[PDB]
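Chain residues, written in single-letter form:
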2 protein chains.
Amino acid sequence: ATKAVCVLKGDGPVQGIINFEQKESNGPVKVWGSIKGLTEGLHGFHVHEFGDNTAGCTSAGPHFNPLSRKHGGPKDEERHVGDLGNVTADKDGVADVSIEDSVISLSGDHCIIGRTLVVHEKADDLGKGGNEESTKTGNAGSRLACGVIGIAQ
Amino acid sequence: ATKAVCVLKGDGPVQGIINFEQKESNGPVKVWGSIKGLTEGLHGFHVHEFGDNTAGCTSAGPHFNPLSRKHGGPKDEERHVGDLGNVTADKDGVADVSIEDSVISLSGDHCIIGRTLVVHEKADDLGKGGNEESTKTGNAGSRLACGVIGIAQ
Ligand SMILES: O=C(Nc1ccccc1)c1ccccc1[SeH]
Ligand SMILES: O=C(Nc1ccccc1)c1ccccc1[SeH]
Ligand SMILES: [Zn+2]
Ligand SMILES: [Zn+2]
Ligand SMILES: [Zn+2]
Ligand SMILES: [Zn+2]
């Protein structure tokens with residue numbers, strides 16, 4: 001098994017801990033944890049290309065897209081590798097994250113270790129927003145919190 | 001060329017930005033940047049095994065040591081991959097970092113991306129301190145600041 005972890009930090013405080021576990025290189029990645037300090041509703045959840053947080057979340061670059069595809073939701077064939085959809089925050093502002101994803105990996109050229117996990121202001125429209133931006137970013141607004149994805153024990 | 005970057009933060013005044021560049025596969029890695037908020041003198045400079053900053057620097061684990069060697073300095077044969085020696089802070093508390101290292105890498109088994117860069121309270125004795133701890137950690141004291149090493153553009 002390979003394991004990774006990410007601390008999400010940004011103003012609010014929006015703060016979170018996200019764990020990644022992959023039992024074999026050819027297998028899905030289980031993504032679990034918690035994010036607090038969010039507004040109730042959906043928040044875009046992306047792996048951005050660079051693990052560069054030198055100017056905060058703005059330095060992380062575009063959606064991680066090694067295969068040169070368009071933006072989508074995690075269940076879509078047409079998606080970026082970094083398209084993990086939305087997390088859902090309750091009325092206490094807590095998003096309990098539980099995702100399994102077959103496209104991200106913790107090895108090979110879909111590897112997300114060393115890249116930036118980002119939680120967004122607004123919902124990711126999953127490429128179904130009806131404008132040009134929808135199929136590039138999903139219109140999820142500002143980057144509320146982020147962190148670099150690291151190797152875990 | 002491959003590039004990586006790391007933002008060093010902690011609980012106190014120490015903060016920094018460190019850049020990594022490796023022009024050729026299996027070539028030396030250039031390390032440069034700046035750290036401020038330090039006491040004047042030598043400060044241990046390590047890649048630790050885990051990119052896990054969930055409890056700050058304390059979760060980063062031992063020295064990155066994929067080859068099962070003892071602790072040393074960067075110019076020693078007997079060293080951990082993560083043994084980058086010391087950085088030097090001036091009387092303004094600023095350390096200008098400029099290192100070339102041929103043991104760390106930005107790809108493969110020696111890869112430091114997704115691991116934690118740590119700057120220490122005290123000098124790393126480079127395995128020459130005269131106690132057992134010297135050849136395990138180098139006696140560099142507390143972890144003042146750290147961050148996860150991320151992929152850069
Ligand atoms: O292993 C990685 N990439 C990779 C890319 C292409 C072929 C084989 C391997 C990787 C690189 C940097 C950080 C994290 C990982 Se997982
Ligand atoms: O690139 C990496 N490994 C790797 C391993 C075997 C073949 C090719 C590449 C890597 C994995 C995890 C974190 C960081 C790096 Se740089
Ligand atoms: Zn995003
Ligand atoms: Zn996308
Ligand atoms: Zn250390
Ligand atoms: Zn060491």
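As recorded in the entry header, the structure was determined using X-ray crystallography to a resolution of 1.50 Å.

As annotated in the PDB entry, chain A carries the name Superoxide dismutase [Cu-Zn] and is attributed to Homo sapiens. This entry appears in the Protein Data Bank under the title "SOD1 bound to Ebselen". Its UniProt record, at the heading Catalytic activity, says of chain A: "2 superoxide + 2 H(+) = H2O2 + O2".

A.B. asks: So what about the UniProt feature "binding site: Zn(2+)" in chain A? Which residues, and what values?
C.D. replies: All names here are of chain A. Here the UniProt-annotated "binding site: Zn(2+)" positions come out as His63, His71, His80 and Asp83. Their sequence span is 21 residues, while the largest C-alpha to C-alpha distance among them is just 8.4 Å; these annotated residues converge on one region. In this fold, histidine 63 is placed in the loop between β5 (54-57) and β6 (83-89). Residues within four places of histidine 63 in sequence aside, it is in contact with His46, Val47, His48, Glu49, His71, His80, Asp83, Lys136 and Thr137. There is a polar contact of 3.4 Å between the side chain of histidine 63 and the side chain of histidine 46.

A.B. asks: Let's hear about the site of ligand 1: which residues, and what values?
C.D. replies: With respect to spatial proximity, the complete set of residues near ligand 1 consists of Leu106, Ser107, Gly108, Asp109, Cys111 and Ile113 of chain A together with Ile113 and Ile151 of chain B. Chains contributing residues near ligand 1 are chains A and B. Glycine 108 of chain A has a polar backbone atom sitting 3.3 Å from a nitrogen atom of ligand 1. Contact with the protein chains removes 53% of the 400 Å² of surface that ligand 1 exposes when unbound. Here the residues of the shell around ligand 1 are counted per class, giving five nonpolar, two polar and one charged.

A.B. asks: So what about the UniProt feature "binding site: Cu cation" in chain A? Which residues, and what values?
C.D. replies: Residues and elements named next belong to chain A. UniProt tags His46, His48, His63 and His120 as "binding site: Cu cation". The greatest C-alpha distance among the annotated residues, which extend across 75 residues, is 12.5 Å, indicating that they converge on a single site. Counting through the fold element by element, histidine 46 comes out in strand β4 (residues 41-48). The exposure class of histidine 63 is buried, given its relative accessible area of 7%.

Analysis parameters
Residues numbered from 1 in each chain as written, not as in the entry; some residues may be left out. Chains lettered and ligands numbered in written order. Heavy atoms only, no water. UniProt positions renumbered as here; feature names shortened; annotations may be inferred. Helix = DSSP H or I, 4+ residues; strand = E, 2+ residues; numbered from the N terminus. Contact = heavy atoms within 4.5 Å. Polar contact = N/O pair within 3.5 Å; in protein donor to acceptor, adjacent residues only side chain to side chain. Near = heavy atom within 4 Å. Areas by Shrake-Rupley, 256 points an atom, 1.4 Å probe, with all protein chains shown as cover. Nonpolar A, V, L, I, M, F, W, Y, C, P; charged D, E, K, R; others polar. Buried < 20%, exposed > 50% of the residue type's maximum accessible area, 1.4 Å probe, protein only.

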